[PDB]
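In order, the protein sequence lines correspond to chains B and A.
Note that PDB author numbering has the first sequence beginning at 146, numbered continuously upward.
Note that PDB author numbering has the second sequence beginning at 145, numbered continuously upward.
Ideal Cβ placement from N, Cα and C applies to all residues, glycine included.
One structure is given below, encoded as structure tokens.
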Amino acid sequence: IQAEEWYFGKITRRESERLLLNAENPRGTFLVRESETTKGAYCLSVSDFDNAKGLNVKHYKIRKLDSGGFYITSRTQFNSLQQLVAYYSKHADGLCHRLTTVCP
Amino acid sequence: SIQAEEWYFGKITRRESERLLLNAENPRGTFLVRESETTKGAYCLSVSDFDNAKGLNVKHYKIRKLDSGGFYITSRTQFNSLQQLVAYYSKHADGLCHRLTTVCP
């Protein structure tokens, strides 16, 4: 997945929030990183805006099933990470915002 | 002035640096220096590498600016300038994934 624009590898949770939390960035700017402590998991980081908290980053753990697939909820699972990203770019389904822009 | 150095790419993002380095045309050890996007005062050395499992991949090493003037990536050597840092690791990888071979174009 190294070659996917949205994959930032092993940046920490804090570093993903420093990258994402920028006022030039739209709601739904996102990146995927390898989870910092859970081994074999990915994490989807999405900026979001709430009146109160202002801009903040939500983090959703992505698990990989034994057969290979990926999921965030029981609603949909994906044969690959790129399919998950493609799906959520069009359908938020429970995430805070549709994935609009890859982290610059 | 570091602004006009050919291997200095200023404020480009971590993501744009990889888009530049991760390209078939570039030898292992193609590099660029840039500012850290979020560590103030630090710089960053981005280097292309090739691992059969990863494929072509970029490694990023932070460069800290000593208060007293220098620059360093490890406790083994410190340098007075970024120029001198690039030159040294062009000869000796000394912990880096690869010697700095090619300035990124």
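Here DSSP, grouped into helix, strand and coil, assigns A/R158 to helix. Nearest CB-CB separation between A/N201 and chain B: below the 8 Å threshold.
The contact set of B/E160 on chain A, defined by CB atoms closer than 8 Å, consists of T182 in chain order. Taking a Cβ-Cβ threshold of 7 Å, the residues of chain B close to A/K198 are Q147, in chain order.
Secondary-structure assignment with DSSP links B/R178 through a beta bridge to B/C188. Sorting B/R220, B/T174, B/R178 by C-alpha distance to the C-alpha of B/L200 places B/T174 at the top. If you draw a 10 Å sphere on the C-beta of A/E181, you find 16 or more other C-beta atoms in it, and that means buried. Looking at the DSSP output, A/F194 bridges to A/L200. Excluding five sequence positions before and after B/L210, the CB atoms of its chain that fall closer than 8 Å to its own CB belong to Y216, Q222, given in chain order.
For B/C248, the neighbours in chain A by C-beta distance under 7 Å run, in chain order, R159.
Beta-bridge partners assigned by DSSP to A/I146: none are found.
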